[PDB]
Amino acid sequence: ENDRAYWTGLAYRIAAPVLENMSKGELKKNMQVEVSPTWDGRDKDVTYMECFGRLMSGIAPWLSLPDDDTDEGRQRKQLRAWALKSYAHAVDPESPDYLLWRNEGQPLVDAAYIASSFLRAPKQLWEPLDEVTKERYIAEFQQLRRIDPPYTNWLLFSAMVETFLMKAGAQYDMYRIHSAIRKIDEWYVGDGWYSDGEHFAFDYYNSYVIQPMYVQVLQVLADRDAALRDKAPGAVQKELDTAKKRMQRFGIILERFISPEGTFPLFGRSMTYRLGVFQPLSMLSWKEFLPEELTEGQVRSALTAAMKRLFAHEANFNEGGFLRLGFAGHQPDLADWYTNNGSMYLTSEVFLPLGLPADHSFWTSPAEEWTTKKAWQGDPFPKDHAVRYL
């Protein structure tokens, strides 16, 4: 009935076919796999890490909740138990579900989403892994340094992996972290927007990667008081504060993109990532730093409306229960040359505020009308203003 029940129902529906199969080493065996009509010929086994890593990144906050014996609590325990077995299989070289770690550049991407999952729920998803599994993750993450990343948002993947290694107490490469955060800052364009590399692209990679991962990296550096070369006293915290303020502005923009009937603009590449476009707004919500311009109720209501409208299309799922290539249903020609149905699991990134308890104000507060909904009703709605000075 309540918005939360819709969200947990959908998250469970997305997660369960992946995790139940992978928990017993049958993901590759059973997963109905689909590649772009313009697939560039790369090894199709990249699909499984895309699927698993992107999924776990998005549902890790949910699974970080304390255990209880409610219906939702039982689902969380089941998903988490499956996930823990899945993590073990993913790095066991003898498992049928051993992921493609050692070839291709793409694993850096999806390993960063795995790292995200551990950073978002360390006590629940990392700490319970056995020591052999932990050692395997450390080794698999470290060997990704073989990849020379594109000079784009991919720099954050390298930073995320090394940040995880740092936090896990393993040997890490600070240069990869520091070089990345410098470039991301250099790529800030203004009024909440970053360039995806040296040239500005009007697309949702600000949501898919840039702002959420930049904030996450800076948060770990700030929390550890990591000694960064030529950072004055307070400087890392100041960088984090600026990053958060920029993402707050981007969140205001994203909420104003949601139409009265729960749609949003479709532009830029990787439009098949569906509700992944809202990761910044979901992150602001989960971490409880929505700007004063946005109430929890309005954000929950707008995101729910968008989610219900998009996932009313049954053709988003195939017979096996896996996500298909598309946006609203099955639209395979929308898939870029680098896209497979594992890639689709980036849509899980909308679910971050499920990491707030069921009795948190985000979930229990009254529904509110979002900006465009008010506007087209002819009702008062707020003026918007640019944020410079960031």
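Residue indices: 1-based, along the sequence shown.
The PDB entry records a higher mean C-alpha B factor for 26-34 than for its counterpart among 326-334 and 26-34.
Of the two stretches examined, 255-263 and 77-85, the record assigns the greater average C-alpha temperature factor to 77-85. Highest CA B-factor among the listed residues (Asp185, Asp225, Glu162, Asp203): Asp225. The PDB entry assigns its highest CA temperature factor, among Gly41, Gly58, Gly342, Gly355, to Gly41. For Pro128, the recorded CA temperature factor ranks within the highest third of the chain's modelled residues. The deposited CA B-factor of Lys287 belongs to the middle third of values across its chain.
Per-chain ranking of the deposited C-alpha B factor places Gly190 in the lowest third. For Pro107, the recorded CA temperature factor ranks within the middle third of the chain's modelled residues.
Residue-level temperature factors show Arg249 in the lowest third of its chain, judged at the C-alpha atom.
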